[PDB]
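The chains referred to below are lettered A, B, ... by the order of the sequence lines, with proteins before strands, and numbering in each begins at 1. What you see below is based on every heavy atom in this structure, not just the backbone, and it leaves out hydrogens, waters and symmetry mates.
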There are 4 protein chains.
Amino acid sequence: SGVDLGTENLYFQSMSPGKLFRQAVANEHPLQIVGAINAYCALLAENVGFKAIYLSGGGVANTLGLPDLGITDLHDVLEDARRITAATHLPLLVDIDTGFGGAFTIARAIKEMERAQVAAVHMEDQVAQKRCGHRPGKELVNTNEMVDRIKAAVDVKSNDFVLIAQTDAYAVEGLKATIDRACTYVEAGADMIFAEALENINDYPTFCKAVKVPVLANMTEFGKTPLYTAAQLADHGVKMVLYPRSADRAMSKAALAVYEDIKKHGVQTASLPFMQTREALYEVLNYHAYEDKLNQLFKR
Amino acid sequence: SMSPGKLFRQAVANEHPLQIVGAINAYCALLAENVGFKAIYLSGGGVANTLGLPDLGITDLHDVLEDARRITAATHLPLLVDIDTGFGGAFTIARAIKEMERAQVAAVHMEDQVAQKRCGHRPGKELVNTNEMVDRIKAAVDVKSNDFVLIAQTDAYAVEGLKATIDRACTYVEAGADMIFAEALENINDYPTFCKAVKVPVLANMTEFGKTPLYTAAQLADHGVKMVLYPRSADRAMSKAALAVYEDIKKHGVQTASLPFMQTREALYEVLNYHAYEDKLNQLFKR
Amino acid sequence: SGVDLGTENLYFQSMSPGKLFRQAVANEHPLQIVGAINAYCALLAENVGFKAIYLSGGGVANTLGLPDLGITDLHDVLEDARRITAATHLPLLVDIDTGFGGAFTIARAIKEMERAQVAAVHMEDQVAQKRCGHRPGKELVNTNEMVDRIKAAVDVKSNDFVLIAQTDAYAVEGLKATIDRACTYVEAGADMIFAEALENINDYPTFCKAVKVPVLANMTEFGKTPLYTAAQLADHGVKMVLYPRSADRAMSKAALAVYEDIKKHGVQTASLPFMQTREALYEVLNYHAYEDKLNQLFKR
Amino acid sequence: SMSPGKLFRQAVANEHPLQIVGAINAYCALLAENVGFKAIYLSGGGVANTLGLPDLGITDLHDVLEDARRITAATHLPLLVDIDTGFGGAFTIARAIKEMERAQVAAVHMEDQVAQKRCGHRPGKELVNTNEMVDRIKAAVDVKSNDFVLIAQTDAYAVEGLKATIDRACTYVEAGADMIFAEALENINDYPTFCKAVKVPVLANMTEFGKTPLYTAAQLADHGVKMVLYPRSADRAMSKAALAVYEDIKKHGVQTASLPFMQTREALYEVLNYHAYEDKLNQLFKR
Ligand SMILES: [Cl-]
Ligand SMILES: [Cl-]
């Protein structure tokens with residue numbers, strides 16, 4: 001539990017995941033959170049020096065070969081989350097979409113994420129209750145409904161654990177409606193607010209000041225939103241900046257290129273310069289630590 | 001209606017040689033399918049490494065089985081799965097075979113490395129006795145269906161030389177192995193002797209950054225190789241790409257510089273076959 | 001694939017799970033299907049000589065320490081189903097409740113059950129779309145909605161696989177409404193019909209003749225329904241009789257008794273007569289077959 | 001806020017002796033909790049047998065971990081889990097410890113049986129060398145938290161006698177085992193010597209239908225035993241009950257005769273604490 005500085009004992013708290021996340025928010029300006037699809041990606045991000053990582057719901061579906069249409073369940077997300085937290089103590093924020101069902105299912109989701117050593121979740125106000133043959137769409141639940149979802153989650157969560165509420169109201173209802181929802185969500189007990197990228201950076205101050213709690217700005221590619229730098233967002237009062245799919249979009253282009261090279265040429269020579277070396281892989285895996293551990297404890 | 005194993009065997013017979021590419025997850029298997037591979041591969045080192053673990057036999061049947069199931073749910077392309085040393089004794093090997101068959105897997109490869117039996121044993125690859133690997137093969141063949149393909153891998157060459165390697169491989173065929181998996185031999189002109197002696201189809205392992213050099217599929221085939229495996233090629237490139245995006249975001253405070261190197265939304269939609277979902281709903285519902 | 005009779009070769013089909021189930025229906029009068037909560041229970045039932053077994057949705061929840069309120073998902077049910085089918089080829093009927101979501105989730109559920117070597121599922125017409133704070137209740141979806149659920153399932157299922165549709169209309173809508181729904185469900189592509197126990201056995205002929213396809217009667221305890229024998233139900237045209245929780249109710253009383261004995265007495269002597277012997281456990285596990293297998297293949 | 005391990009240690013210190021009962025699933029753990037046990041147990045043989053498998057080391061970390069997680073999700077009662085021989089080498093043991101800790105497990109027991117290393121090895125229980133078990137313990141203690149409890153089990157008695165058993169057990173304590181798990185000794189008057197030598201708390205295993213006879217908890221305590229385990233007692237009774245219901249239904253065409261032996265809906269509702277769900281919804285919702 002207790003670390004010390006230099007030679008003499010200072011006070012160190014052994015920190016829950018949620019506490020680590022909140023500290024990462026408070027200590028960064030702003031905290032950049034990067035999407036990672038698997039444990040190996042989280043380790044790459046840790047190595048580069050990110051202080052928080054993210055498990056995207058669309059990433060979970062897409063990596064299973066599925067469209068992001070709400071087909072996946074708590075177990076799909078939970079299993080990918082567990083694999084990442086087994087490999088790193090870097091605070092992990094997990095997408096739980098609409099909570100996967102009613103009050104007790106949201107409760108289960110929260111408790112299971114906490115047991116999986118997750119730091120934070122984000123839950124959104126999209127409609128869940130969809131008729132069997134309903135088309136892919138974005139409708140919002142009523143404000144009261146999302147408050148109930150938040151109430152369900154906060155009822156079971158520990159103090160430290162972070163609930164980040166997301167409203168999808170902006171694209172369809174405009175900035176004023178978005179702020180009203182977000183504020184109701186804070187009143188219901190949301191710890192932080194997750195915001196789609198606003199078209200005008202000078203609207204963030206108004207957003208952030210109204211909601212009070214820390215605001216996350218979602219910087220995805222190939223959407224509608226333009227791309228501001230972390231600095232600019234911070235200067236406008238944003239505390240977290242998320243890069244949800246950036247890494248995996250790039251991985252997919254690379255995999256396809258290798259596959260095409262092998263198929264065209266009957267060999268992967270042309271791909272060699274674009275592969276991580278075995279040596280870099282050994283280093284990210286911290287392979288030496290395994291040798292050193294065996295030598296420390298056993299035969300050496 | 002084709003069994004997985006039958007699809008794999010047909011891919012072997014009908015390609016010259018059959019190229020088998022590694023895929024770490026279902027999305028990768030779909031990319032490979034899209035490019036037009038006829039068979040795909042789930043690497044044991046890939047399973048471990050993707051979990052943040054070294055390839056030291058820490059992972060078990062469940063780790064590999066879960067990755068296998070996710071791939072086969074997304075594609076009928078025949079999948080060859082690394083089951084390492086079989087994960088335990090005869091009944092564990094039996095469970096591994098039955099579970100891979102239930103997961104719609106087509107083939108496995110099992111190797112003749114020693115199972116790390118001393119608690120604090122150092123990372124190393126020695127061979128089990130020939131008779132031990134025969135037992136492993138016997139365990140697997142006892143429960144497998146006819147169509148399902150067992151590929152036996154001997155690591156004997158590096159430490160025993162070409163003559164001993166052929167002798168092992170042949171004993172493994174006699175025990176019931178369908179096909180033989182060879183570490184890439186120092187010299188392509190070893191393969192003819194190898195391949196002709198063992199009789200059954202031989203797989204050559206074309207990994208990068210190893211000891212083996214890289215021959216073309218044509219050259220391997222001309223030397224009597226029936227399958228060529230590319231176990232980690234795609235995954236190595238994914239990792240470099242991911243790290244570069246992470247460095248870009250960290251250095252520049254934004255991912256602009258990475259944009260040219262990302263798959264577009266439209267290509268992602270196409271690989272996911274997103275339209276087919278819309279089309280399916282339109283076909284069945286709302287009259 | 002091919003078995004023979006006596007000495008000479010007769011024609012044998014290697015049968016898919018669904019085909020085994022349909023044959024078990026056709027060959028029994030009626031087919032008794034017993035609930036089993038885990039693989040060891042399925043083996044006990046197989047040993048006694050049942051020809052089909054059942055994985056109850058309430059059983060799955062209750063065994064996890066949860067109420068039967070729709071908290072569990074496809075993975076909870078799927079994992080328990082896989083464990084049972086790994087242990088026995090006896091055709092297994094699995095409760096998938098409302099299908100766990102919309103069209104593609106029902107599709108996933110069907111495909112995953114087929115991959116798990118399941119023979120049949122039953123899906124019911126209870127409302128799924130429930131607001132976050134909705135109370136435990138039984139409302140039916142509209143007939144059209146359940147038809148869509150059936151359409152989703154039949155669209156992906158293999159020929160052999162059996163879809164059994166359940167209407168919960170009876171308790172709240174009466175016999176006439178129940179028959180109307182059931183018939184619409186057959187028209188949508190349901191293979192068989194799953195029926196709560198009717199209060200009067202002489203209503204089954206009307207039920208069974210209207211729906212045409214094989215009818216399963218659900219014989220649970222401690223409900224409203226009275227208990228008819230399998231013979232009587234068959235004589236009234238019922239093809240399957242289900243005993244969903246009977247075994248587990250009895251297991252639970254027994255476990256509690258052992259726990260109380262140990263707690264009261266500081267020892268389990270009084271419980272000994274009510275325990276299965278180690279020898280019977282070895283026999284159900286077919287432990288000898290393991291010894292015989294090792295001796296056949298190896299050192300002997 | 002109590003760690004699982006701390007709750008377990010307190011249960012040991014505060015009971016005389018602590019009775020630990022086997023539970024195969026979460027519903028059983030809730031039954032045991034309701035009766036008022038202070039600690040519960042997940043048996044490795046129970047894990048296998050419930051999957052339809054013999055207790056021959058076929059199951060892996062995932063089989064046991066999944067059963068453990070389901071129990072701990074339903075109760076905070078400290079759970080002791082059988083991890084057999086640790087499921088592999090040092091890093092597998094490390095993974096087992098870390099994963100049990102993440103699953104909110106309180107304690108494990110690990111035994112000094114040989115890990116079945118030859119493929120076609122016959123069912124048998126021999127001991128590993130003392131040094132091998134020390135390595136196993138070293139691997140586990142290296143990653144475990146302070147509070148988490150490691151119980152070392154020596155099977156030495158049957159084959160080595162009382163003197164050798166004490167010597168092993170003591171070496172295991174020196175290696176870092178928190179507590180010691182003893183197969184029931186032929187004679188209750190062996191325990192005092194055993195317990196006094198090893199120093200740390202000793203668990204006595206009260207299984208049925210074995211070689212061991214059944215002493216009362218009082219008698220064991222008076223001989224210096226700190227914990228008494230009832231590993232399969234409930235499960236054996238469940239199986240007899242299930243089979244009887246199955247035979248009744250099959251013989252009689254109906255389950256009438258079984259009704260008196262079933263838990264009532266009302267008792268099931270109470271163990272599930274069904275009312276608490278209604279009360280929770282009423283507390284939070286609809287104003
Ligand atoms: Cl490695
Ligand atoms: Cl056994």
Does the pair C:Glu79 and D:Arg70 meet the rule for a salt bridge (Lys or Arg N to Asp or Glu O under 4.0 Å), with working shown? CA-CA 12 Å; C:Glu79 288 160 18; D:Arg70 289 168 174 206; 3.2 Å; yes
Take atom CG in D:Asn282; do more than 12 heavy atoms of anything else shown fall under 6.0 Å from it? yes
Does atom CD of A:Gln13 have more than 12 heavy-atom neighbours from other groups under 6.0 Å away? yes
NZ of B:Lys250: more than 12 outside heavy atoms within 6.0 angstrom? yes
Quick one: sort the B:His62 and D:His62 rings into parallel, tilted or perpendicular, breaks at 30° and 60°. parallel
For A:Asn159, look at atom CG and say whether over 12 heavy atoms of other residues, nucleotides or ligands are found less than 6.0 Å away. no
Pairing of A:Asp191 and A:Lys157 as salt bridge, 4.0 angstrom limit: yes
side-chain hydrogen bond (donor to acceptor under 3.5 Å, both in side chains) for A:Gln126 and A:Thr98? Distances and angles first, verdict last. CA-CA 7 Å; A:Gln126 265 181 351; A:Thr98 67; over 6 Å; no
Non-neighbouring partners of D:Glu278 that pass side-chain contact (heavy atoms from CB on, under 4.5 Å), sequence neighbours left out: D:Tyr274, D:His275
Nearest atoms (heavy-atom pairs only) where B:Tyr27 meets A:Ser252: CE2-OG, 3.3 Å
So A:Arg181 and A:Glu173, salt bridge (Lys or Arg N to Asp or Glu O under 4.0 Å) or not? Walk me through it. CA-CA 10 Å; A:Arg181 283 190 178 244; A:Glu173 281 192 350; 3.7 Å; yes
So A:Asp125 and A:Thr167, side-chain hydrogen bond (donor to acceptor under 3.5 Å, both in side chains) or not? Walk me through it. CA-CA 6 Å; A:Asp125 58 0; A:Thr167 184; 2.7 Å; yes
Tell me every residue that passes salt bridge (charged side-chain N to carboxylate O under 4.0 Å, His left out) with B:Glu247, counting only those two or more places apart in sequence or in another chain. none
Please walk me through it: do A:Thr63 and B:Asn25 pass side-chain hydrogen bond (donor to acceptor under 3.5 Å, both in side chains)? CA-CA 6 Å; A:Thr63 56; B:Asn25 60 41; 5.5 Å; no
With side-chain hydrogen bond (donor to acceptor under 3.5 Å, both in side chains) as the criterion, how do A:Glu196 and A:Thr225 come out once you've worked through the C-alpha distance, each side chain's angles and the decisive distance to 0.1 Å? CA-CA 8 Å; A:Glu196 58 169 300; A:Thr225 92; over 6 Å; no
Parallel, tilted or perpendicular: which one describes the rings of A:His122 and A:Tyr54, with boundaries at 30° and 60°? parallel
Examine the side chains of A:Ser246 and A:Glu221 and answer whether a donor and an acceptor come within less than 3.5 Å of each other. yes
Under 3.5 Å donor-acceptor, A:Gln32 side chain and A:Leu242 backbone: no
If we ignore hydrogens and angles and just use 3.5 Å, is the side chain of A:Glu199 paired with the main-chain N or O of A:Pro226 as donor and acceptor? no
Would you please indicate if the ring centroids of D:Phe285 and C:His134 are separated by under 6.0 Å? no
Counting only heavy atoms not in A:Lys19, do more than 12 fall under 6.0 Å of its NZ? yes
Can you name the residues that form a side-chain contact (heavy atoms from CB on, under 4.5 Å) with A:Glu112, not counting sequence neighbours? A:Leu78, A:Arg108, A:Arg115, D:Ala73
Partner of C:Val60 by side chain to side chain contact (heavy atoms under 4.5 Å, CB included), out of C:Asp97, C:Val77, C:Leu66: C:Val77
Do you see a donor-acceptor pair shorter than 3.5 Å between the side chains of A:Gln232 and A:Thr229? yes
So does C:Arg135 get a backbone contact from the side chain of C:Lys130, meaning a donor-acceptor N/O pair under 3.5 Å? yes
